[PDB]
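A lone chain, given as structure tokens: the form deposited in one PDB entry.
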């Protein structure tokens, strides 16, 4: 109502943004109408929105990541179509003013709100189950982290509705993203979205790091955990040691933009290059945060579907620890073209090359896990094989790019985009879909349709090759990134092929949606009765396919590496305990959503320079936190009756199915 906000902040004239806003608002209105009609408001509030259960927060991360993937891929389609039309000597349909917004928003969404939400969803879903714990160390902290991520997502989406988004790339390099050269409010949207998302992610990292070390099942030493728990611990260590760098960097840029300081300005002795260093000091650990958990997932799948013990457990854990250690001394490999001395460039090139060895070791351990096993061609196993094949080429191109000599001409070219898209699609989203199809029974109690899954996998891999292999050739031809208008016609053909690839990936995404739909429709015929659909090695498969809000009635005792496999081999897998005991559990808290709403108001007011509203929002956040610090009734006791009833129902299911 005050500040820069006015009737001119909404783009009336531009049709594309208005039809996008109409689509989003009608979708929201239809969802609200359906929820009201079914009267599930109370159930959603008391079971999902205020849930402190790790499984619910994991599923809700998966939902957020899936719904944001649609917006990301829509931006990808729009960019590819614009490039294809511009290559044919046409004006196209996307002015630079819109193309810059589109690619910046696409990058930010697909990095911060598609990959991290899905990966952290998988962690919340399985990590507490695998270690044999009932919940996480800080449940309310997990809920608050979820709501902070949702606040970031809301700010990014509402950026389209009112005002504009950043036009400075997904990392907002200082001189362009400065107050002098970017007078718009888009950079403020970027700043506050990433700040609040970073706060959420830091809290998540601390929570998981404490949970893994402190709340392990008795008799399970560090070198007896499942490999996914190792990868998650490494990723959380990276989050804790990295995200402060992003927080400080964005805080310095917003100080420059608001109070008119000279941290990164080109004048009054500001050092602009500093920002780049800092952001990349945070930038390169981030990608390992995306790639470490998915490795674990594949390891788990390699264990489950090869029907044999995983190869080189010690080698795998030492390789992931080596990756975690080396992922802090390699960031300069992002700007060899900045003009640093031969010594610094050579050193950073060599150290970036060194980290390749552990990844190769992990790939070879997976290959020898498939060596003399019985391989079942399930959806997850197809995802794993596709991941290995794609990620090998991705890593090859990466180590080629890590050489400063090659980097001097392949930097910011479509070769670099081919690299990072190649490795992301190969590892991150492949592991995401593999985990989603692999852990679906543990989240809902029924299996996914295999035919649609296989179709989606084939479409994804074929489309990815067709869309990104021409980008290698284009990068070789000298075509640079972020080109919108009057593209050299010599780059037309390859881009057209890329466009074909894009629509192929589209079909894959459509296939995925259809799969979920049919998986929901035919749930009554594909139920997971025994709780062990694929004979998984880890403890997570010991529980019923719908896990109780308490993960285990009795905390399991572990003596070996693969706990559940050893329990099945010994013949003691489903034994009725003599007696059940009252279980201490944490209560559902509603303060997370209140703090999230106050943070949303504060961020929005900061973006539009509504000072009083920002003060009100910040005061609301602090007051809600202080008030929730008072009450002591935060935990309750689950009685013996309910635990006995659920355990008897599960054992009856086991007996009838068995």
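Rigid core here is just the name for the largest C-alpha set that superposes within 1.5 Å across the two forms. Shifts are known only where both forms have a C-alpha. Positions refer to the first chain, counted from 1.
Just so it is clear, the following notes concern the form deposited in another entry, a form of the same protein that is not shown.
* Superpose on the rigid core, then tell me if the C-alpha of residue 626 is displaced by 2 angstroms or more between the shown form and the other one. => No.
* After the core is matched up, is the C-alpha of residue 644 off by 2 Å or more between the shown form and the other one? -> Superposed on the core, residue 644 moves its C-alpha less than 2 Å between the shown form and the other one.
* Asked: Core-aligned, is the CA shift for residue 42 between the shown form and the other one 2 angstroms or more?
  -> Result for residue 42: no, shift under 2 Å.
* Relative to what is shown, are the Cα atoms of residue 607 and residue 12 closer or farther apart in the other form, where the gap shifts by 3 Å or more? -> Residue 607 and residue 12 sit closer together in the other form.
* Might you say whether the CA atoms of residue 436 and residue 23 end up closer or farther apart in the other form than in this form? Their distance differs by 3 Å or more. => Note: Cα gap between residue 436 and residue 23 widens in the other form.
* Displacement runs between the shown form and the other one, C-alpha, 2 Å or more, three or more consecutive residues, core aligned -> Three-plus residue run displaced between the shown form and the other one: 4-39, uniquely.
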